[PDB]
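Novice: Build me a structure from this.
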Amino acid sequence: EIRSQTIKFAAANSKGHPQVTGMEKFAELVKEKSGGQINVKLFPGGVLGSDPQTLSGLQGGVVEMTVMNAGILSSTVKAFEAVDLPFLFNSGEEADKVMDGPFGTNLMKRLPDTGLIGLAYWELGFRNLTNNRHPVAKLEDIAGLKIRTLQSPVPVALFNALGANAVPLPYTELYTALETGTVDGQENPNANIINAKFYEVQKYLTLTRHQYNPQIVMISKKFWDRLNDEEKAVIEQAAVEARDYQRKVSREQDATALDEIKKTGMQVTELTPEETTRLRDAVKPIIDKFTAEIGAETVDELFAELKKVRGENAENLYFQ
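Specialist: Numbering: from 1, shown residues only. Structure data below:
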């Protein structure tokens, strides 16, 4: 039977953010399905530590649950670097198909040996590109731009392949570096433009969608192994039901963010799928260098899923 359980569920963001809205839905569903036997206590705002710190806390059994960008796992299970590869998805719908299918599922199968159990993928969002020099609509427009990027190997390779300087800078210093102009631009989700007021110091946004950040919801294997099947089923049901809700909330908020961004007088540029393909093809010979460490098994499967979803895109039937 479902016994009294307590689950501490930690994350980086705060109440109001789609991540925490998803966590609240998860907690409520678990409370309902368990008739109050399983209580999920939220630790938002990074109060328990960074995402990498909390990851090791799950492994040790100190914190039961967390949700974080799945690419963070790569130093635990290298195959997860696949989720950081560029230009995989053009929409949330495409991302869901691939993350919820064999690609995402086979990644999660690699977790138990490391002391982690994967429950579901939720959404953080696409990474896009702002700058203050000129609109970016194609590769040549990126040439020479000094762009603050994440500093793990994939984004550094990506932005160098695009002709940019992939500049290291602590996030807290970024607004002011953009203001003074020593950095031309930055790459991040749209929400950051509003939250950090980058619209005050950046005139241009391109929806490059150069990477997509899925989040993975995980539970400590040490804790999971002590649960019975009925308790596990409650948690699984709640994770996948909360997933669909969280993604809807995320996408509603992103639409509103973009409304707000446009009203600040930033110029927003979209890429056609064919321009995205042009960028993808230009960076492929560089990005292929990660395939050996990710593994052909994982990369080949991913590439097949992407060919499939790209063929389902209605744009293929727009003109002929």
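
Novice: Next, the buried residues of stretch 185-205.
Specialist: By neighbour count on 16 or more other Cβ atoms under 10 Å, the buried set for stretch 185-205 is 185-193, 196, 198-199, 201-205. Heads up, the C-betas are built off the backbone N, CA and C, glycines and all.

Novice: Quick check: residue 197 touching residue 175?
Specialist: Yes. The pair residue 197 / residue 175 is scored as a contact, 6.6 Å apart, by Cβ atoms under 8 Å.

Novice: Could you list which of the buried residues of stretch 185-205 belong to helices?
Specialist: Among the buried residues of stretch 185-205, DSSP state H puts 190, 191, 192, 193 in helices.

Novice: out of the residues you listed, who's nearest residue 144?
Specialist: residue 193 (22.3 Å; Cβ to Cβ).

Novice: That closest one contacts residue 131, correct?
Specialist: No. Using Cβ under 8 Å as the test, residue 193 is too far from residue 131 to be in contact (11.8 Å).

Novice: List the residues that are in contact with both of those two.
Specialist: residue 202 (Cβ atoms under 8 Å, 6 or more residues apart in numbering).

Novice: For the stretch 101-250 of the chain, which segments count as helices?
Specialist: 102-108, 139-142, 153-161, 174-180, 190-195, 221-224, 229-263 (DSSP state H, counting those that start in this stretch).

Novice: can you put the ones you listed in a markdown table and add distance to residue 306?
Specialist: Shown next, in a markdown table, are the helices of the stretch 101-250 of the chain (distance: least, Cβ to Cβ, whole Å):
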| stretch | distance to residue 306 |
| --- | --- |
| helix 102-108 | 9 |
| helix 139-142 | 21 |
| helix 153-161 | 16 |
| helix 174-180 | 32 |
| helix 190-195 | 23 |
| helix 221-224 | 31 |
| helix 229-263 | 19 |
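
Novice: Just the element for residue 26, please.
Specialist: helix 18-33 (DSSP states H and E).

Novice: counting contacts, what elements does that helix pack onto?
Specialist: Under the contact criterion of 3 or more Cβ pairs under 8 Å, 6 or more residues apart in numbering; DSSP states H and E, helix 18-33 touches strand 5-10, strand 38-43, strand 65-69, strand 116-131, helix 229-263.

Novice: so which of the ones you listed gets nearest residue 104?
Specialist: Of the helices and strands packed on helix 18-33, nearest to residue 104 by Cβ to Cβ is strand 116-131, at 5.5 Å.
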